[PDB]
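Shown below: structure29.cif, with mmCIF, C-alpha atoms and all ligand atoms.
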data_work
#
loop_
_atom_site.label_atom_id
_atom_site.label_comp_id
_atom_site.auth_asym_id
_atom_site.auth_seq_id
_atom_site.Cartn_x
_atom_site.Cartn_y
_atom_site.Cartn_z
CA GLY V 1 0.00 0.00 0.00
CA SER V 2 1.69 3.15 -1.24
CA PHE V 3 -1.01 5.63 -0.20
CA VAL V 4 -1.13 5.21 3.56
CA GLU V 5 -2.21 8.80 4.18
CA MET V 6 -5.47 8.13 2.33
CA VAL V 7 -6.22 4.56 3.41
CA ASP V 8 -9.20 4.32 5.80
CA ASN V 9 -10.30 7.92 5.21
CA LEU V 10 -13.98 7.12 4.63
CA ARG V 11 -16.82 6.54 7.09
CA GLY V 12 -20.49 5.69 6.61
CA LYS V 13 -22.54 2.80 5.24
CA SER V 14 -24.51 1.90 2.12
CA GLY V 15 -27.89 3.14 3.31
CA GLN V 16 -26.78 6.66 4.25
CA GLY V 17 -23.65 7.14 2.16
CA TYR V 18 -19.87 7.07 2.53
CA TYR V 19 -18.17 10.37 3.26
CA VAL V 20 -14.70 11.92 3.44
CA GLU V 21 -13.51 14.87 5.50
CA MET V 22 -12.76 18.06 3.62
CA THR V 23 -12.04 21.67 4.52
CA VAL V 24 -13.36 24.79 2.84
CA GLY V 25 -12.32 28.41 3.32
CA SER V 26 -9.66 30.37 5.16
CA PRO V 27 -9.25 29.61 7.99
CA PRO V 28 -10.32 26.05 7.10
CA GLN V 29 -13.85 24.96 7.94
CA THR V 30 -14.10 21.18 8.39
CA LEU V 31 -17.08 19.35 6.84
CA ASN V 32 -17.92 15.74 6.11
CA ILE V 33 -18.74 15.21 2.46
CA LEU V 34 -20.64 12.44 0.66
CA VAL V 35 -18.59 10.69 -2.04
CA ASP V 36 -20.95 10.71 -5.05
CA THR V 37 -19.76 9.26 -8.36
CA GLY V 38 -23.28 9.82 -9.74
CA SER V 39 -23.16 13.65 -9.88
CA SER V 40 -20.70 16.43 -10.64
CA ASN V 41 -21.25 19.35 -8.23
CA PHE V 42 -19.42 20.10 -4.97
CA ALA V 43 -22.32 21.38 -2.86
CA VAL V 44 -22.31 22.00 0.87
CA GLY V 45 -24.89 23.02 3.44
CA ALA V 46 -24.46 26.77 3.97
CA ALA V 47 -27.41 27.58 6.25
CA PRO V 48 -29.03 25.99 9.33
CA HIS V 49 -30.96 22.76 8.82
CA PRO V 50 -32.50 20.39 11.41
CA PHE V 51 -30.14 17.59 10.32
CA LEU V 52 -26.90 19.60 10.23
CA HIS V 53 -24.79 20.43 13.27
CA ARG V 54 -22.41 22.47 11.13
CA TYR V 55 -22.32 24.20 7.76
CA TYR V 56 -20.16 26.39 5.50
CA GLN V 57 -20.09 30.02 6.69
CA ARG V 58 -18.97 32.08 3.73
CA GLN V 59 -18.75 35.30 5.74
CA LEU V 60 -15.99 33.72 7.85
CA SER V 61 -13.77 32.83 4.90
CA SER V 62 -11.30 35.44 3.67
CA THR V 63 -10.86 33.51 0.43
CA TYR V 64 -14.55 33.18 -0.45
CA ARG V 65 -15.45 34.54 -3.90
CA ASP V 66 -19.09 35.11 -4.87
CA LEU V 67 -20.00 34.04 -8.43
CA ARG V 68 -23.31 35.98 -8.14
CA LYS V 69 -25.34 33.13 -9.57
CA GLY V 70 -27.83 30.67 -8.21
CA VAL V 71 -28.18 26.98 -8.96
CA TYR V 72 -31.30 24.80 -8.72
CA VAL V 73 -30.94 21.04 -8.77
CA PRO V 74 -34.08 18.97 -8.64
CA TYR V 75 -33.65 15.20 -8.72
CA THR V 76 -35.75 12.05 -8.32
CA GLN V 77 -36.95 12.36 -4.73
CA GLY V 78 -35.92 15.86 -3.72
CA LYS V 79 -33.85 18.88 -4.64
CA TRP V 80 -31.19 21.27 -3.48
CA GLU V 81 -30.75 24.94 -4.32
CA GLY V 82 -27.92 27.29 -3.62
CA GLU V 83 -25.57 30.10 -4.43
CA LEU V 84 -22.40 29.56 -6.45
CA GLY V 85 -18.93 30.74 -5.48
CA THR V 86 -15.33 29.54 -5.17
CA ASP V 87 -13.00 29.01 -2.22
CA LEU V 88 -9.86 27.13 -1.19
CA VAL V 89 -10.54 23.42 -0.61
CA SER V 90 -8.43 20.62 0.90
CA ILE V 91 -8.83 16.96 1.90
CA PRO V 92 -6.98 16.39 5.24
CA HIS V 93 -6.54 12.68 4.58
CA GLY V 94 -5.82 13.12 0.91
CA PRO V 95 -3.15 14.64 -1.35
CA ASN V 96 -1.28 17.38 0.44
CA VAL V 97 -2.57 20.14 -1.82
CA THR V 98 -5.10 22.94 -1.63
CA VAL V 99 -7.07 24.06 -4.65
CA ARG V 100 -9.50 26.77 -5.61
CA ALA V 101 -12.75 25.07 -6.50
CA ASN V 102 -16.35 25.85 -7.25
CA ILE V 103 -18.68 25.44 -4.27
CA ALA V 104 -22.46 25.55 -4.35
CA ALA V 105 -23.58 26.94 -0.98
CA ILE V 106 -26.86 25.13 -0.30
CA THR V 107 -29.48 27.55 1.08
CA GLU V 108 -32.62 25.41 0.64
CA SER V 109 -33.22 21.70 0.15
CA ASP V 110 -35.87 18.98 0.18
CA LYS V 111 -35.08 15.35 1.05
CA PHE V 112 -31.37 15.94 0.53
CA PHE V 113 -29.73 15.88 3.95
CA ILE V 114 -30.18 12.61 5.84
CA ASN V 115 -30.80 12.56 9.59
CA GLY V 116 -27.84 10.86 11.29
CA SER V 117 -25.67 10.45 8.18
CA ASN V 118 -22.96 12.72 9.62
CA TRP V 119 -22.31 14.43 6.27
CA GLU V 120 -22.92 18.08 5.42
CA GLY V 121 -22.35 18.20 1.69
CA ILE V 122 -21.72 16.14 -1.44
CA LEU V 123 -18.71 15.71 -3.71
CA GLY V 124 -19.84 15.03 -7.26
CA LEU V 125 -17.03 13.11 -8.87
CA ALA V 126 -18.50 12.58 -12.35
CA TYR V 127 -17.93 14.74 -15.44
CA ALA V 128 -18.77 18.33 -16.32
CA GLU V 129 -21.41 17.28 -18.84
CA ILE V 130 -23.83 16.65 -15.94
CA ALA V 131 -22.73 19.55 -13.73
CA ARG V 132 -25.44 22.14 -12.88
CA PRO V 133 -26.34 24.70 -14.04
CA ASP V 134 -24.24 23.61 -17.04
CA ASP V 135 -20.91 22.14 -18.12
CA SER V 136 -19.08 25.42 -17.66
CA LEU V 137 -19.04 24.89 -13.85
CA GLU V 138 -15.82 22.92 -13.50
CA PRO V 139 -16.20 19.91 -11.16
CA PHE V 140 -13.91 19.56 -8.15
CA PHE V 141 -11.78 16.74 -9.49
CA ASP V 142 -11.18 18.61 -12.77
CA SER V 143 -9.95 21.62 -10.75
CA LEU V 144 -7.74 19.41 -8.58
CA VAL V 145 -6.05 17.83 -11.58
CA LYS V 146 -5.64 21.11 -13.46
CA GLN V 147 -4.11 22.95 -10.49
CA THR V 148 -1.79 20.25 -9.15
CA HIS V 149 0.30 17.24 -10.16
CA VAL V 150 -2.28 14.77 -8.88
CA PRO V 151 -2.84 12.02 -11.52
CA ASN V 152 -6.27 12.02 -13.20
CA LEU V 153 -7.55 8.96 -11.36
CA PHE V 154 -9.12 8.03 -8.03
CA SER V 155 -10.15 4.73 -6.53
CA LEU V 156 -12.76 3.69 -3.99
CA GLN V 157 -12.94 0.87 -1.48
CA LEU V 158 -16.34 1.08 0.27
CA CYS V 159 -16.50 -1.27 3.24
CA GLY V 160 -19.82 -2.64 4.40
CA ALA V 161 -19.65 -4.05 7.93
CA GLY V 162 -21.84 -7.06 7.22
CA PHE V 163 -24.03 -6.25 10.24
CA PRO V 164 -25.80 -3.15 11.62
CA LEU V 165 -23.71 -0.36 13.13
CA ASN V 166 -25.45 1.78 15.75
CA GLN V 167 -24.93 5.55 15.92
CA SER V 168 -21.78 5.38 18.06
CA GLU V 169 -20.32 2.51 16.08
CA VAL V 170 -20.81 4.03 12.65
CA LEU V 171 -19.13 7.22 13.89
CA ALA V 172 -16.16 5.23 15.21
CA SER V 173 -15.78 2.65 12.43
CA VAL V 174 -13.63 2.84 9.29
CA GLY V 175 -15.88 2.72 6.24
CA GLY V 176 -13.28 2.44 3.51
CA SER V 177 -10.82 4.40 1.42
CA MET V 178 -10.85 7.01 -1.29
CA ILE V 179 -7.37 7.05 -2.88
CA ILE V 180 -6.95 10.32 -4.76
CA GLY V 181 -4.48 10.08 -7.63
CA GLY V 182 -3.65 6.41 -7.39
CA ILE V 183 -4.26 2.72 -6.73
CA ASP V 184 -3.37 1.20 -3.36
CA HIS V 185 -2.53 -2.48 -3.69
CA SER V 186 -3.34 -3.35 -0.09
CA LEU V 187 -7.05 -2.71 -0.77
CA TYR V 188 -7.69 -5.64 -3.10
CA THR V 189 -6.78 -9.23 -3.88
CA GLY V 190 -6.30 -10.86 -7.26
CA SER V 191 -6.15 -8.84 -10.46
CA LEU V 192 -7.74 -5.61 -11.60
CA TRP V 193 -9.89 -5.93 -14.74
CA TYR V 194 -10.93 -2.86 -16.72
CA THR V 195 -14.09 -1.95 -18.63
CA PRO V 196 -14.22 1.11 -20.92
CA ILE V 197 -16.01 4.25 -19.77
CA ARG V 198 -18.52 4.39 -22.67
CA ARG V 199 -19.02 8.14 -22.48
CA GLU V 200 -17.81 10.76 -20.03
CA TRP V 201 -20.86 12.20 -18.31
CA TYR V 202 -21.92 9.69 -15.64
CA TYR V 203 -19.37 6.88 -15.23
CA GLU V 204 -21.17 4.86 -17.94
CA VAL V 205 -20.29 1.22 -18.68
CA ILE V 206 -21.75 -1.65 -20.74
CA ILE V 207 -22.96 -4.95 -19.21
CA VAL V 208 -22.87 -7.80 -21.75
CA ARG V 209 -24.19 -10.83 -19.86
CA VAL V 210 -25.88 -11.50 -16.51
CA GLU V 211 -25.91 -14.80 -14.58
CA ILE V 212 -27.66 -15.90 -11.40
CA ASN V 213 -25.65 -18.84 -9.93
CA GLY V 214 -24.10 -19.45 -13.34
CA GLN V 215 -27.45 -19.52 -15.14
CA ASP V 216 -27.66 -17.03 -18.00
CA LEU V 217 -30.56 -14.59 -17.65
CA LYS V 218 -30.57 -14.83 -21.46
CA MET V 219 -32.07 -11.43 -22.23
CA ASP V 220 -31.19 -9.27 -25.25
CA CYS V 221 -28.11 -7.55 -23.75
CA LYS V 222 -29.39 -4.09 -24.71
CA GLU V 223 -31.99 -4.62 -22.00
CA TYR V 224 -29.21 -4.63 -19.40
CA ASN V 225 -28.17 -1.11 -20.38
CA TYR V 226 -31.56 0.47 -21.09
CA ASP V 227 -31.19 3.36 -21.16
CA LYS V 228 -27.69 3.41 -19.59
CA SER V 229 -25.62 1.57 -16.95
CA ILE V 230 -23.61 3.61 -14.46
CA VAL V 231 -21.44 3.24 -11.35
CA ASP V 232 -22.91 5.40 -8.58
CA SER V 233 -21.61 5.47 -5.00
CA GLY V 234 -24.48 7.85 -4.11
CA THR V 235 -27.12 5.16 -4.72
CA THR V 236 -27.55 2.41 -2.13
CA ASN V 237 -28.90 -0.46 -4.21
CA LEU V 238 -28.03 -2.38 -7.32
CA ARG V 239 -30.81 -0.93 -9.53
CA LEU V 240 -31.87 -2.75 -12.70
CA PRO V 241 -34.11 -1.73 -15.64
CA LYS V 242 -37.69 -2.92 -15.06
CA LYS V 243 -37.64 -5.98 -17.32
CA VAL V 244 -34.22 -7.06 -16.09
CA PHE V 245 -35.27 -6.59 -12.48
CA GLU V 246 -38.35 -8.74 -13.09
CA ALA V 247 -36.25 -11.50 -14.71
CA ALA V 248 -33.51 -11.34 -12.07
CA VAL V 249 -35.96 -11.48 -9.16
CA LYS V 250 -37.72 -14.45 -10.72
CA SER V 251 -34.38 -16.28 -10.98
CA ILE V 252 -33.28 -15.28 -7.48
CA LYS V 253 -36.62 -16.49 -6.08
CA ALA V 254 -36.20 -19.80 -7.93
CA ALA V 255 -32.66 -20.30 -6.61
CA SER V 256 -33.71 -19.51 -3.03
CA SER V 257 -37.01 -21.38 -3.27
CA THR V 258 -36.41 -23.59 -0.25
CA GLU V 259 -37.55 -20.56 1.80
CA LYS V 260 -40.50 -18.34 0.91
CA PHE V 261 -40.22 -14.58 1.38
CA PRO V 262 -43.09 -12.05 1.33
CA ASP V 263 -43.62 -9.80 -1.66
CA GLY V 264 -42.65 -6.83 0.51
CA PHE V 265 -39.17 -8.27 0.94
CA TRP V 266 -38.62 -8.53 -2.82
CA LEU V 267 -39.94 -4.97 -3.25
CA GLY V 268 -37.10 -3.90 -0.98
CA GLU V 269 -39.48 -2.43 1.56
CA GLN V 270 -39.60 -4.92 4.39
CA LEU V 271 -36.86 -6.64 6.28
CA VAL V 272 -36.48 -10.36 6.79
CA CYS V 273 -34.90 -11.71 9.97
CA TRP V 274 -33.24 -14.91 11.15
CA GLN V 275 -32.14 -16.10 14.59
CA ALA V 276 -28.66 -14.76 15.40
CA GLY V 277 -25.98 -16.29 13.20
CA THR V 278 -28.37 -18.46 11.17
CA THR V 279 -28.76 -16.36 7.99
CA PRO V 280 -28.99 -18.98 5.21
CA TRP V 281 -26.49 -17.42 2.86
CA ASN V 282 -26.10 -20.67 0.95
CA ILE V 283 -29.68 -20.74 -0.32
CA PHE V 284 -29.22 -17.36 -2.05
CA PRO V 285 -27.42 -17.25 -5.40
CA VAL V 286 -24.36 -15.35 -6.48
CA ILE V 287 -24.91 -12.75 -9.22
CA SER V 288 -22.41 -12.16 -12.02
CA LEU V 289 -22.33 -9.10 -14.22
CA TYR V 290 -20.12 -9.44 -17.31
CA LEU V 291 -18.62 -6.16 -18.44
CA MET V 292 -17.09 -5.22 -21.80
CA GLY V 293 -13.32 -5.64 -21.69
CA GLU V 294 -10.59 -3.44 -23.11
CA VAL V 295 -9.71 -6.02 -25.78
CA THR V 296 -11.95 -6.64 -28.80
CA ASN V 297 -14.52 -9.42 -28.23
CA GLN V 298 -13.32 -9.91 -24.68
CA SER V 299 -15.25 -9.49 -21.42
CA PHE V 300 -14.73 -10.22 -17.74
CA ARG V 301 -17.16 -10.75 -14.89
CA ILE V 302 -17.68 -9.45 -11.38
CA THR V 303 -19.53 -11.76 -9.00
CA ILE V 304 -21.28 -10.68 -5.84
CA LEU V 305 -22.73 -12.63 -2.97
CA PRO V 306 -25.95 -12.28 -1.00
CA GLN V 307 -23.63 -10.73 1.66
CA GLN V 308 -23.52 -7.74 -0.76
CA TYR V 309 -27.11 -7.65 -2.02
CA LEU V 310 -28.81 -8.27 1.37
CA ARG V 311 -28.28 -5.02 3.33
CA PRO V 312 -28.00 -5.38 7.10
CA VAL V 313 -30.56 -3.44 9.09
CA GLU V 314 -31.49 -3.30 12.75
CA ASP V 315 -34.62 -5.20 13.76
CA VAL V 316 -37.67 -3.09 14.59
CA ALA V 317 -37.46 -4.70 18.04
CA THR V 318 -33.68 -4.24 18.36
CA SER V 319 -33.80 -8.00 19.06
CA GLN V 320 -30.81 -10.29 18.63
CA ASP V 321 -31.92 -11.48 15.20
CA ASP V 322 -29.83 -10.82 12.09
CA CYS V 323 -32.00 -8.84 9.68
CA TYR V 324 -31.71 -7.50 6.15
CA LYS V 325 -33.43 -5.72 3.32
CA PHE V 326 -33.20 -6.90 -0.30
CA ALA V 327 -30.94 -4.27 -1.93
CA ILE V 328 -31.75 -4.88 -5.58
CA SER V 329 -34.56 -2.74 -6.99
CA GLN V 330 -36.13 -1.62 -10.22
CA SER V 331 -35.24 1.43 -12.22
CA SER V 332 -36.79 3.41 -15.07
CA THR V 333 -33.47 5.20 -15.65
CA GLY V 334 -31.08 2.33 -16.36
CA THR V 335 -28.80 0.09 -14.36
CA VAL V 336 -27.16 1.64 -11.30
CA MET V 337 -24.26 -0.16 -9.65
CA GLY V 338 -24.76 1.36 -6.21
CA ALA V 339 -22.93 1.10 -2.95
CA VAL V 340 -23.99 -2.45 -2.10
CA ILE V 341 -22.31 -3.67 -5.31
CA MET V 342 -19.28 -1.41 -4.83
CA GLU V 343 -18.83 -2.92 -1.35
CA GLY V 344 -17.68 -6.12 -3.00
CA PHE V 345 -14.90 -4.48 -4.97
CA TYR V 346 -12.04 -2.03 -5.12
CA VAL V 347 -13.16 0.25 -7.97
CA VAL V 348 -10.64 2.31 -9.95
CA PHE V 349 -11.98 5.36 -11.80
CA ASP V 350 -9.15 5.74 -14.32
CA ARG V 351 -10.24 8.97 -15.95
CA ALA V 352 -6.87 9.36 -17.67
CA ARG V 353 -7.38 6.13 -19.62
CA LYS V 354 -11.19 6.33 -19.83
CA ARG V 355 -11.76 3.04 -18.02
CA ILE V 356 -13.03 1.65 -14.74
CA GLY V 357 -11.22 -1.16 -12.97
CA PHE V 358 -12.61 -3.77 -10.61
CA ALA V 359 -10.82 -6.14 -8.23
CA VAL V 360 -12.10 -8.20 -5.29
CA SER V 361 -12.15 -5.96 -2.22
CA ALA V 362 -9.96 -6.77 0.76
CA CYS V 363 -12.93 -5.76 2.94
CA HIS V 364 -15.81 -7.51 1.20
CA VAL V 365 -18.13 -9.54 3.43
CA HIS V 366 -18.30 -13.28 2.67
CA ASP V 367 -18.48 -16.69 4.33
CA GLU V 368 -16.18 -19.73 4.51
CA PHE V 369 -17.63 -21.24 1.34
CA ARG V 370 -17.87 -18.42 -1.20
CA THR V 371 -16.17 -15.14 -2.01
CA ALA V 372 -16.80 -12.29 -4.38
CA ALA V 373 -14.81 -12.56 -7.63
CA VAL V 374 -13.47 -10.67 -10.64
CA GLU V 375 -12.55 -13.10 -13.41
CA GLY V 376 -11.65 -13.19 -17.07
CA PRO V 377 -11.26 -13.23 -19.91
CA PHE V 378 -14.32 -14.58 -21.70
CA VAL V 379 -14.92 -14.54 -25.44
CA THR V 380 -17.91 -12.26 -26.03
CA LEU V 381 -19.06 -11.03 -29.44
CA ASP V 382 -20.85 -7.89 -30.67
CA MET V 383 -20.60 -6.20 -27.28
CA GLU V 384 -20.97 -2.76 -28.88
CA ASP V 385 -24.54 -3.81 -29.65
CA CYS V 386 -25.27 -4.06 -25.94
CA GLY V 387 -25.12 -0.30 -25.66
CA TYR V 388 -28.44 1.50 -25.90
CA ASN V 389 -28.96 4.50 -28.18
CA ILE V 390 -31.96 6.85 -27.97
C1 LIG V 401 -26.55 8.40 0.04
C2 LIG V 401 -27.69 7.37 0.07
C3 LIG V 401 -29.05 8.03 0.06
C4 LIG V 401 -30.28 7.13 -0.13
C5 LIG V 401 -31.27 7.87 -1.06
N1 LIG V 401 -31.28 6.94 -2.18
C6 LIG V 401 -32.10 7.25 -3.35
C7 LIG V 401 -31.27 7.83 -4.50
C8 LIG V 401 -31.91 8.20 -5.72
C9 LIG V 401 -31.15 8.74 -6.79
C10 LIG V 401 -29.74 8.91 -6.66
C11 LIG V 401 -28.92 9.49 -7.80
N2 LIG V 401 -28.28 10.75 -7.40
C12 LIG V 401 -26.97 10.91 -7.13
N3 LIG V 401 -26.09 9.90 -7.19
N4 LIG V 401 -26.64 12.19 -6.79
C13 LIG V 401 -27.87 12.97 -6.83
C14 LIG V 401 -27.80 14.09 -7.88
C15 LIG V 401 -27.73 13.56 -9.30
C16 LIG V 401 -27.41 14.64 -10.33
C17 LIG V 401 -27.18 14.00 -11.70
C18 LIG V 401 -26.94 15.03 -12.80
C19 LIG V 401 -28.08 16.05 -12.87
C20 LIG V 401 -28.35 16.71 -11.52
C21 LIG V 401 -28.52 15.69 -10.39
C22 LIG V 401 -28.21 13.57 -5.44
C23 LIG V 401 -28.53 12.54 -4.35
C24 LIG V 401 -27.26 11.89 -3.81
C25 LIG V 401 -27.48 11.06 -2.54
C26 LIG V 401 -28.12 11.90 -1.45
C27 LIG V 401 -29.47 12.41 -1.93
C28 LIG V 401 -29.31 13.22 -3.22
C29 LIG V 401 -28.91 11.92 -7.26
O1 LIG V 401 -30.11 12.14 -7.42
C30 LIG V 401 -29.10 8.55 -5.44
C31 LIG V 401 -29.86 8.01 -4.37
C32 LIG V 401 -30.51 5.86 -2.02
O2 LIG V 401 -30.39 4.97 -2.86
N5 LIG V 401 -29.89 5.89 -0.83
#
Show how you would write the structure in this file as structure tokens.
Amino acid sequence: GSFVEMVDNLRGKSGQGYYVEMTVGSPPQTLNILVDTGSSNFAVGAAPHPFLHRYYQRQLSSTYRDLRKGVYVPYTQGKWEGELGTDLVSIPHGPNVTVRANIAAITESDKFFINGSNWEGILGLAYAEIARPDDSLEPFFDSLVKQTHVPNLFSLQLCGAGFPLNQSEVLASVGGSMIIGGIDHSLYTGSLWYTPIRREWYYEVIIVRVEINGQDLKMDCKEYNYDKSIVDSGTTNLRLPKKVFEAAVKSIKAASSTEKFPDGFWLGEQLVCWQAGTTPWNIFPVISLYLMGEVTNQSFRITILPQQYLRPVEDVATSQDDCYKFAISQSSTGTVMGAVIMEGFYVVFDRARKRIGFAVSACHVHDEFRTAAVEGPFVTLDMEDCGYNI
């Protein structure tokens, strides 16, 4: 591991997000910031909110610069609005550099901040094309790379605990690593396999085959990427296009048929519980997503376990049972490889070479019989046809 200063710099969990400490302004104001590979704005709470115990105070920063422009960002289940400006930004457990970056000072929001998440802002790590108000507002990572010698690449190791963490525990536990400018070899086992970034807006990739316990879902592969497939640390679940979700759930139900679960469990709404230590991992199937490789007609696969797609949650009765929610859900906006999938792997966002790498994570949860995997190569033809075009 050559990046010790950045190893173990994340905290959090899949359901509320993983965050990194950052500082903004002069003198530095410390804030915890959500790592979000699914957006491209650096936006921080800048006014009192019931769920924030701190926020960015522009009037206290000598280096604050007002851009005299507002920004409104509505999204699926909420929105955030703010005032744009720039200031000096640093990451204490990151590269030892300070850069001048755009900051959206959030003045109003709806269903954005999460009670008990411990973060006060978000770091959009995707490309300018999806930055708001438009692509002229340079994203943080672009600024970092342009102003310093930091390589144009970052990598993420999100570590799920495999069991519920109470408030004190989640504040004291290490949730993973965000390595800025490099790859730390202590964070993964086996080899790294790369898939091309299809287009630079979201971190878009192409899935070419899907298996449930080795059985091919056998759908037209364009269905797997309708209308896109992205890697998003800001989403909790593995989200799949409606038809793919329906096919996958049918296959997962068939594989786990020795136990019957209520419809609410499969809808990802209700938890299922087992007596302490008796979770029947073995009856649930592994899921393999084959991704386009860097070589023509070549693919590789990433395989996750139920220890990744069953999200630990505390029982309504705080009992001693081990409980979980099904963390695979349907989408009308494409496939989303959320945090529960990322928890199985060390993911390298190699912006410089327009590719995303995957390797088995040194902190993935598993049992004595099965482990997550990243394997290849496999001969796969006409993979370009798996991409969807409007
Ligand atoms: C952290 C875990 C939270 C829960 C909520 N939750 C549902 C959910 C639904 C959609 C998205 C996609 N997504 C995203 N990655 N960032 C934003 C802006 C996208 C951006 C794209 C370009 C155009 C402008 C908006 C803001 C979010 C970021 C997370 C905090 C809330 C606001 C967004 O909507 C993520 C999560 C989930 O699963 N776990």
Centre and edge lengths, as JSON, for the axis-aligned box enclosing every listed atom of ligand LIG 401 (chain V) with 3 Å of padding on each of the six sides, in Å to one decimal?
{"center_x": -29.1, "center_y": 10.8, "center_z": -6.4, "size_x": 12.0, "size_y": 17.7, "size_z": 18.9}
### Task
List the neighbours of residue V:93 out to 8 Å using all atoms listed in the file; skip same-chain residues closer than 5 positions along the sequence, and give me the result as a PyMOL selection string.
chain V and resi 5-6+9+21
### Task
Write out as a PyMOL selection string each polymer residue whose atoms come within 8 Å of stretch 202-218 of chain V, counting only C-alpha atoms; drop sequence neighbours fewer than 3 positions from it.
chain V and resi 37-39+126-127+130+195-199+221+224-225+228-232+247-248+251-252+255+285-292+299+380+383+386-387
### Message
Show me which residues line ligand LIG 401 (chain V), defined as having an atom within 6 Å of a ligand atom where all atoms listed in the file count, and present them as a PyMOL selection string.
### Response
chain V and resi 15-17+36+38-39+73+75-76+112+130+232+234-237
### Message
Counting only C-alpha atoms, find residues at most 8 Å from (-11.1, 33.9, 2.1) (file frame) and give them as a ChimeraX atom specification.
### Response
/V:25-27,60-65,87-88
#### Entry: Nearby residues (all atoms listed in the file) at most 6 Å from residue V:335, same-chain spacing under 5 positions excluded, as a VMD selection string
chain V and resid 229 239 to 241
#### Entry: Distance query stretch 371-379 of chain V at most 12 Å, all atoms listed in the file, self and fewer than 3 positions along chain excluded, as JSON, numbers by chain
{"V": [188, 189, 190, 191, 192, 193, 194, 195, 208, 209, 281, 282, 285, 286, 287, 288, 289, 290, 291, 292, 293, 294, 295, 296, 297, 298, 299, 300, 301, 302, 303, 304, 305, 306, 307, 308, 309, 341, 342, 343, 344, 345, 346, 347, 357, 358, 359, 360, 361, 362, 363, 364, 365, 366, 367, 368, 382, 383]}
### Counting all atoms listed in the file, the residue of V:263, V:48, V:171, V:269 that sits nearest residue V:18
V:171
### Task
List the neighbours of residue V:349 out to 7 Å using all atoms listed in the file; skip same-chain residues closer than 3 positions along the sequence, and give me the result as a PyMOL selection string.
chain V and resi 153-155+355-357
### Query
Between atom CA of residue V:101 and atom CA of residue V:122, what is the distance, to one decimal in Å?
13.6 Å
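Taking atom CA of residue V:161 as the reference point, atom CA of residue V:348 is found at 21.0 Å.
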